[PDB]
Amino acid sequence: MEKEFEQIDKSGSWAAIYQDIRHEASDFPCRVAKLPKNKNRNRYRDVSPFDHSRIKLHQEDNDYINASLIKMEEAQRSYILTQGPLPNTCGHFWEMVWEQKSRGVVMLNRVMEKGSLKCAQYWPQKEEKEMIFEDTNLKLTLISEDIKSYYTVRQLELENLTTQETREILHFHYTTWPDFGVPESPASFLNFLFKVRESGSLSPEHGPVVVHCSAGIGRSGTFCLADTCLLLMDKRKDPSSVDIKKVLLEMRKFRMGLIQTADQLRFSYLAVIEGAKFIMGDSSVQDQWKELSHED
Ligand SMILES: NC(=O)[C@H](Cc1ccc([C@@H]2CC(=O)NS2(=O)=O)cc1)NC(=O)[C@H](Cc1ccccc1)NC(=O)c1ccccc1
C-alpha cells in the first residue's frame, strides 16, 4: 500500500480516490432510525445507522439508539460506532455498554467544539458527583483518571442498579483531534490506539469497544479503519495485500460515512504504514511513538 500512497500523493488525487469511495459506498435501509418517535434520539438527520447492523437496546419501550455494529469478520474484531450521546440518550448509551458487555469507550471528540455542543456530558467529571440515569437504572462513578497531554484515560464504575452488578469501564478520551481534522501526527494517533490495545479493551473476551466522536463516523471511522487494517496485515500471509480503500468500503456496509474527508483517508494510510513497522516485527517502534506523542 506504500507504493500506492506515493502514487496518489505524487498525483494529488486524494479527493478523487475518496470521492470514488463515497460514490461506491453501500446504501442500506435506515427505517427505524427514521421512525418519527426516534427523531430526538438522532443528533444528526443525515447520519443514521443501517437497520441491519444497528444496535438494539434490550427494552420493549423503544430499542433504538444511533449506534452500529461494525463486524470485521476477517480481522476478527467488532466495534460499535455511535454518535456522541444526546442529553436524553445518555442512559441509552450506558444501557448498551452494559448490555453489549463492552469493556472500553473511546471518545475522539470534545463536548464543545467550534462553540457548539457536539456531545452531552455523559460521564461524571468528579468522583463525588456520580451519575444516575433513572430511565435505564444505571449508575456511573468516576474512580480515577490519568490525564496526559492530548488524551485522558478514566477508570469508571458502571453499576446496573437493577441487577446490583458492577463493572469497570475504561474511558479513552482523545482530546486534541479536531472535527473534520486529523491527529497531530501518526505517532500521537498510534500511541493512543496502542494505549487502547494494551488495556485489553479490544480483546474478544469483552464485548465490542464503543467508539464515538460527534456523529460516530469521521474520527471514529478513522480510528477503526487504522485498527482493522493493522489487524489484517498481521494475520495475512502477505501484509502487502491489505487494501485500505477496500477495507473502508467493507466497514461502510455497517455504518455510513466512515472517514469524512480525503485528508483523514490519507492520514489513515500514514497511520497504517507507520504502524506496519510494529506489525512486521520491530518492538522498538512503539516506544518511539510514545516519545514522539509527548503525552507528558
Ligand atoms: N453533514 C454534517 O456536517 C453533519 C453531520 C456530521 C457531523 C459531525 C461530523 C464529524 C466529522 C469528523 O471528523 N468526525 S465526526 O463527529 O463524524 C461529520 C458529519 N450534518 C448536519 O450538520 C445536518 C445537515 C442536514 C440538515 C438538514 C437535512 C439533512 C442534513 N444538520 C443537522 O442534522 C441538523 C440537526 C439539528 C438542527 C438543524 C440541523
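What you see of chain A is 3-298, where the numbers are those given in Swiss-Prot.
The way this entry was determined, per its header, is X-ray crystallography, 2.3 Å.
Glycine too: its Cβ is placed from the backbone N, Cα and C atoms.
Cβ-based neighbour count (10 Å, all protein chains) for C215 (active site, phosphocysteine intermediate) stands at 28. DSSP gives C215 (active site, phosphocysteine intermediate) a coil state; it is part of no helix or strand. Marked as active site, phosphocysteine intermediate by Swiss-Prot: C215.
The substrate binding site annotation in Swiss-Prot covers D181, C215, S216, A217, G218, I219, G220, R221, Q262. Summarising the environment of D181 (substrate binding site), the number of other Cβ atoms within 10 Å of its Cβ, over all protein chains shown, is 17.
Per Swiss-Prot, the feature domain 'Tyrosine-protein phosphatase' maps to 3-277; the stated evidence is sequence analysis.
Here Swiss-Prot flags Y20 (among others) as phosphotyrosine, drawing on a large-scale study or a structure entry. For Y20 (phosphotyrosine), the same-chain residues lying six or more positions away in sequence with a CB closer than 8 A to its CB are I261, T263, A264, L267.
Over all protein chains present, the Cβ of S50 (phosphoserine) has 23 other Cβ atoms lying within 10 Å. According to Swiss-Prot, the feature phosphoserine maps to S50 (among others), an assignment based on experimental evidence.
Swiss-Prot lists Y66 (among others) with the feature phosphotyrosine. Cβ neighbour count for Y66 (phosphotyrosine): 21 (other Cβ atoms within 10 Å of its Cβ, all protein chains included). Under the three-state DSSP scheme, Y66 (phosphotyrosine) falls in the coil class.
Positions annotated as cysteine sulfinic acid (-SO2H) by Swiss-Prot, on the basis of experimental evidence: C215.
According to Swiss-Prot, the feature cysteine persulfide maps to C215, an assignment based on experimental evidence.
The feature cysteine sulfenic acid (-SOH) is assigned by Swiss-Prot to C215, with experimental evidence given as support.
What Swiss-Prot records for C215 is S-nitrosocysteine.
In the three-state DSSP scheme, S242 (phosphoserine) falls into the helix class. Annotation comment: Swiss-Prot describes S242 (among others) as phosphoserine.
Around the Cβ of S243 (phosphoserine), 11 further Cβ atoms fall within 10 Å across all displayed protein chains. Sequence annotations record features per position, and here Swiss-Prot assigns phosphoserine to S243 (among others).
Sequence-distant contacts of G218 (substrate binding site), defined by Cβ-Cβ distance under 8 angstroms and a gap of at least six in the same chain, are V49, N68, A69, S70, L83, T84, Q85, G86, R257.
Non-local contacts of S242 (phosphoserine) by the CB criterion (under 8 A, 6+ apart in sequence, same chain) comprise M3, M235. Under 6 Å, Cβ to nearest atom of ligand 1: this is the test, and of the modified residues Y20, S50, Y66, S242, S243 it is passed by none. Comparing CA positions across the recorded positions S50, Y66, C215, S243, the one lying closest to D181 (substrate binding site) turns out to be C215. On a Cα basis, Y66 (phosphotyrosine) lies 24 Å away from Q262 (substrate binding site). Taking the C-alpha atom of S243 (phosphoserine) as reference, the shortest distance to any of the recorded positions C215, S216, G220 belongs to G220.
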